[PDB]
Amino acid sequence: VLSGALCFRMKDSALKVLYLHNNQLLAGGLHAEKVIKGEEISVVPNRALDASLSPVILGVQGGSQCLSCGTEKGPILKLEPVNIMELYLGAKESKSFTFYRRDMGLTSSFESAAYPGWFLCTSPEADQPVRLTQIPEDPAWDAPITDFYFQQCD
């Protein structure tokens, strides 16, 4: 087993780096990038789910908090005060804390395992929270961005 979670750096396809502010993950513009450092994203595979779907659990602050979609009838992206290693080692499904990664080459998309059809996304605007969205039939320049550069820290 991992002695610590994997370390990744994330930014959307528009190169907006994800950072933390007031307990929320935001995607910053070039200006924000000069003030705050991108957040090191903790990552662990969710071994309770189908490996062919690339299930992962994402966390922040050294893995002290993890991204969750909640358990309501509708998805709500929020950081929860649970250590990613607790989820990693626990014999518990933890589906609401899981995303299915779709590797498209240079970038990846992340679909909520608990809420099919909902994907992690960023706004075309800078410094807005990362959220969840369903994919529109027709693309647009002002539509949410669901593709991310998912790179392991050096």
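Residues carry their position along the shown sequence, with the first being 1.
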request  = On mean C-alpha B-factor from the PDB entry, just flag whether 87-95 or 101-109 is the higher one.
outcome  = 101-109
key: Residue range whose averaged C-alpha B-factor is higher in the record, 63-71 or 45-53   = 63-71
ask   = Thinking about Cα B factors across the chain, which third does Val1 belong to?
value = highest
request  = Just say lowest, middle or highest third for the CA B-factor of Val35 relative to the other modelled residues in its chain.
outcome  = middle
request  = Going by the recorded CA B-factors, say which third of the chain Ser13 sits in, lowest, middle or highest.
outcome  = middle
query = Against its chain's modelled residues, does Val130's Cα B factor rank lowest, middle or highest third?
reply = lowest
query = Lowest, middle or highest third: where is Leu25 by C-alpha B factor in its chain?
reply = middle
